Every structure is written in C-alpha cells, then in structure tokens.
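Visitor: Quick one: structure below, then a few questions.
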Amino acid sequence: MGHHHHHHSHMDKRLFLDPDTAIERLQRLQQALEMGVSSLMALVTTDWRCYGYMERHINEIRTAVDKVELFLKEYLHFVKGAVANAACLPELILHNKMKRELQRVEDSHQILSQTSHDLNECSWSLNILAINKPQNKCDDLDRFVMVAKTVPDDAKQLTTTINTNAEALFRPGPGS
C-alpha cells in the first residue's frame, strides 16, 4: 500500500517503478493535460469571426498550443514506457489493447503538431487566422481546437487501462 522507490532506471526505453507509484504519476499527467486544454478553451471562448478578440489573444494562444503539445508529449513519453513493459507480459494481449487506444492519442498529437507548425510558418499572421475565410474545410486553426479538447478524453482511455493493470505491468517483487 503506497510504496515509492523509483531509482536505478533513468534513461531506459521504458520505465521501472512501483505499480502504486505509476498510478499517481499517470493521474497527474491526465489532469495536467486537461489544464493545458482548458487554457486553450479559455482563450477560445468564441468563433474566429471576432478579429478584435482574437488579435488580443494571438500571442498567449501560442503558449496554450505549446502547453497542449507539451503535456501531451510528456504523457506519451510516460505511456510509451509502460507499453514497453507490457511487452514482457506472458499473454502479450494487454500490450496490443493498450497500444491500439494509444494510436488515437498519437494520431491526434501528430495532426496537432502539423497544424501548429504550419501556423507558426504563417508567423501566426492575423490575416490568415483572424481574417480567415468562412468557407474552409481546411480550417487547421479550428481543427486544432476541436481535436485538442477531445485529446484528454481519448487519453483517459489509456490512463484508466494502465492504472487498472498497473499491478500486472509493474512488479515490485514478491510479498509473502
């Protein structure tokens, strides 16, 4: 019950820590991601049709984008390590289940980066973002928003899966 001793493992292509400890670690990342997404939601409280409002948040929205990408990247950095340990399981079945759901979280992260990077190459010019055309299915700016706000839910799938099978993924040693 509640034992922490994460040491010796430091730059492995994986992560060895207590099953109890791994749960809180992943929980903190889940909430941290939601805080980053919330930051974006606070800045995006209306449609882009409002140049006046958008221009007054054009700088800080970039940081929020960076936050969503940041927490999501650090989240992947952790869960990928867990999936690495899942490869040491006798069944291996869990390893397939925990990765398939993860492929949605990565699928979001990649398109998020593609849009963010492209907007950055557009120098975040208000002419392209705030003065954007009403008819645009290639609305990468808005796509980032709708996807970023679903990421915490799709990630929550992995969060719960790993946490519930934590005792199977992470073995702290025999206890007789």
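Convention: chains lettered A, B, ... in structure tokens order; per-chain residue numbering from 1; ligands numbered from 1 as shown.
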Identify, on the basis of only C-alpha atoms, every residue whose closest approach to residue 108 (chain A) does not exceed 8 Å; exclude the query and any residue fewer than 5 positions from it along the same chain; express the result as number ranges by chain.

Guide: A: 147-148, 151

Visitor: Can I get the selected residues back with N, CA and C atoms, as a tab-separated table (two decimals), in the first residue's frame?

Guide:
chain	number	residue	atom	x	y	z
A	147	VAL	N	-9.88	19.02	-31.85
A	147	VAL	CA	-9.07	17.84	-31.53
A	147	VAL	C	-8.42	17.96	-30.14
A	148	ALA	N	-7.81	19.11	-29.86
A	148	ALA	CA	-7.14	19.34	-28.58
A	148	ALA	C	-8.08	19.11	-27.38
A	151	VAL	N	-8.62	15.24	-26.92
A	151	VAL	CA	-7.40	14.52	-26.51
A	151	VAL	C	-7.46	14.01	-25.04

Visitor: Might you pull out every residue within 12 Å of residue 150 (chain A), with only C-alpha atoms counted and same-chain residues fewer than 3 positions away left off, and present them as an MDAnalysis selection string?

Guide: chainID A and resid 33:34 37:38 41 68 72 104:105 107:109 112 143:147 153:157

Visitor: Those residues with C-alpha atoms, as an mmCIF file, in the first residue's frame please?

Guide:
data_model
loop_
_atom_site.group_PDB
_atom_site.id
_atom_site.type_symbol
_atom_site.label_atom_id
_atom_site.label_comp_id
_atom_site.auth_asym_id
_atom_site.auth_seq_id
_atom_site.Cartn_x
_atom_site.Cartn_y
_atom_site.Cartn_z
ATOM 1 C CA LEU A 33 -3.155 17.738 -19.884
ATOM 2 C CA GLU A 34 -6.715 18.870 -19.036
ATOM 3 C CA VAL A 37 -6.544 22.033 -22.879
ATOM 4 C CA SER A 38 -8.589 24.245 -20.500
ATOM 5 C CA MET A 41 -10.650 26.674 -24.106
ATOM 6 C CA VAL A 68 -1.343 21.140 -25.076
ATOM 7 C CA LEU A 72 0.524 15.507 -24.396
ATOM 8 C CA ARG A 104 -5.613 7.517 -31.292
ATOM 9 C CA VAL A 105 -3.717 9.754 -28.831
ATOM 10 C CA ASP A 107 -2.978 10.251 -34.198
ATOM 11 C CA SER A 108 -4.275 13.450 -32.549
ATOM 12 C CA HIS A 109 -0.814 14.667 -31.426
ATOM 13 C CA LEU A 112 -1.967 18.942 -33.777
ATOM 14 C CA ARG A 143 -9.351 21.625 -36.228
ATOM 15 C CA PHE A 144 -6.564 22.018 -33.634
ATOM 16 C CA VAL A 145 -9.174 23.274 -31.130
ATOM 17 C CA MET A 146 -11.808 20.523 -31.658
ATOM 18 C CA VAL A 147 -9.070 17.838 -31.530
ATOM 19 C CA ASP A 153 -10.895 12.037 -23.187
ATOM 20 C CA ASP A 154 -9.057 9.682 -25.592
ATOM 21 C CA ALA A 155 -6.004 9.836 -23.280
ATOM 22 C CA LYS A 156 -8.293 8.991 -20.328
ATOM 23 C CA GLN A 157 -8.778 5.597 -22.061
#

Visitor: Which residues come within 12 Å of residue 44 (chain A), counting only C-alpha atoms, excluding same-chain residues fewer than 2 positions away, as a ChimeraX atom specification?

Guide: /A:37-42,46-50,53-58,60-62,64-65,141-142,144-146,148-149

Visitor: Determine, counting only C-alpha atoms, which protein, DNA and RNA residues have an atom within 9 Å of an atom of residue 81 (chain A); residues of the same chain fewer than 4 positions away are not included. Present the result as number ranges by chain.

Guide: A: 12-16, 76-77, 85-86

Visitor: Just the residues within 8 Å of region 29-32 of chain A, please, counting only C-alpha atoms, with nothing from its chain fewer than 6 positions along; format it as a list in words.

Guide: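 With the cut-off at 8 Å, the set is residues 71, 74, 75, 152, 155, 156 and 159 of chain A.
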
Visitor: Choose the residue, out of A:73, A:36, A:3, A:98, that has the smallest atom-to-atom separation from residue 162 (chain A); count only C-alpha atoms.

Guide: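 Residue with the minimum atom-to-atom distance to residue 162 (chain A): A:98.
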
Visitor: Could you jot down the CA of residue 99 (chain A) to CA of residue 172 (chain A) separation for me, Å, one decimal place?

Guide: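 Straight-line distance from CA of residue 99 (chain A) to CA of residue 172 (chain A) works out to 23.1 Å.
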
Visitor: Tell me which protein, DNA and RNA residues are within 8 Å of region 18-22 of chain A, counting only C-alpha atoms, leaving out same-chain ones fewer than 2 positions away, and put them as an MDAnalysis selection string.

Guide: chainID A and resid 1:6 16 24:26 163 166:167 169:172

Visitor: Generate the output file for the selected residues, N, CA and C atoms, as a CSV table (one decimal), in the first residue's frame.

Guide:
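Saved to out-v9.csv:
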chain,number,residue,atom,x,y,z
A,1,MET,N,0.8,-1.2,0.0
A,1,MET,CA,0.0,0.0,0.0
A,1,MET,C,0.9,1.3,0.0
A,2,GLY,N,0.9,2.0,-1.1
A,2,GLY,CA,1.6,3.3,-1.2
A,2,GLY,C,3.1,3.2,-0.9
A,3,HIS,N,3.8,2.6,-1.8
A,3,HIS,CA,5.3,2.4,-1.7
A,3,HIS,C,6.0,3.0,-2.9
A,4,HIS,N,7.0,3.9,-2.6
A,4,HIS,CA,7.8,4.6,-3.7
A,4,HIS,C,9.3,4.3,-3.6
A,5,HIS,N,9.9,3.8,-4.7
A,5,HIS,CA,11.3,3.7,-4.7
A,5,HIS,C,11.8,3.7,-6.2
A,6,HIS,N,11.4,4.6,-7.0
A,6,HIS,CA,11.8,4.7,-8.4
A,6,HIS,C,13.3,5.2,-8.5
A,16,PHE,N,10.7,1.6,-15.1
A,16,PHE,CA,10.5,0.6,-14.0
A,16,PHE,C,10.3,1.4,-12.7
A,24,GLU,N,-0.4,7.2,-9.6
A,24,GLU,CA,-0.4,8.7,-9.3
A,24,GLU,C,0.3,9.5,-10.4
A,25,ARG,N,1.5,8.9,-10.9
A,25,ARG,CA,2.3,9.5,-11.9
A,25,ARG,C,1.4,9.8,-13.2
A,26,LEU,N,0.7,8.8,-13.6
A,26,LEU,CA,-0.1,8.9,-14.8
A,26,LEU,C,-1.4,9.8,-14.5
A,163,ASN,N,-3.5,2.2,-15.4
A,163,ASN,CA,-3.7,2.3,-13.9
A,163,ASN,C,-4.4,1.0,-13.4
A,166,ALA,N,-1.9,-1.8,-13.7
A,166,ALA,CA,-0.6,-1.4,-13.2
A,166,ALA,C,0.1,-2.5,-12.4
A,167,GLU,N,-0.6,-3.3,-11.6
A,167,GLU,CA,-0.1,-4.4,-10.8
A,167,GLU,C,0.5,-5.5,-11.7
A,169,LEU,N,1.6,-4.8,-15.0
A,169,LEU,CA,2.6,-4.1,-15.8
A,169,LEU,C,3.9,-3.9,-15.0
A,170,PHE,N,3.7,-3.5,-13.7
A,170,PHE,CA,4.8,-3.1,-12.8
A,170,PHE,C,4.8,-4.1,-11.6
A,171,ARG,N,5.9,-4.9,-11.5
A,171,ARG,CA,6.1,-5.8,-10.4
A,171,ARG,C,7.1,-5.4,-9.4
A,172,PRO,N,6.7,-5.1,-8.2
A,172,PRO,CA,7.6,-4.5,-7.1
A,172,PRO,C,8.4,-5.6,-6.4

Visitor: Taking only C-alpha atoms into account, name the residue in A:165, A:131, A:174, A:8 that is nearest to residue 83 (chain A).

Guide: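 Among the listed residues, the smallest separation from residue 83 (chain A) belongs to A:165.
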
Visitor: What residues in region 31-151 of chain A get the DSSP label alpha helix (DSSP H)? Please answer as a VMD selection string.

Guide: chain A and resid 31 to 43 51 to 55 60 to 86 93 to 121 126 to 129 140 to 148 151

Visitor: Nearest residue to residue 126 (chain A) out of A:52, A:91, A:164, A:96, using only C-alpha atoms?

Guide: A:52

Visitor: Could you tell me how far CA of residue 84 (chain A) lies from CA of residue 69 (chain A), in Å and to one decimal?

Guide: 21.9 Å

Visitor: Write out as a list in words which residues come within 12 Å of residue 128 (chain A) when counting only C-alpha atoms, dropping same-chain ones fewer than 4 positions away.

Guide: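 My reading of the contact set: residues 48, 49, 51, 54, 55, 58, 118, 119, 120, 121, 122, 123, 124, 132, 133, 134, 136, 139, 140 and 141 of chain A.
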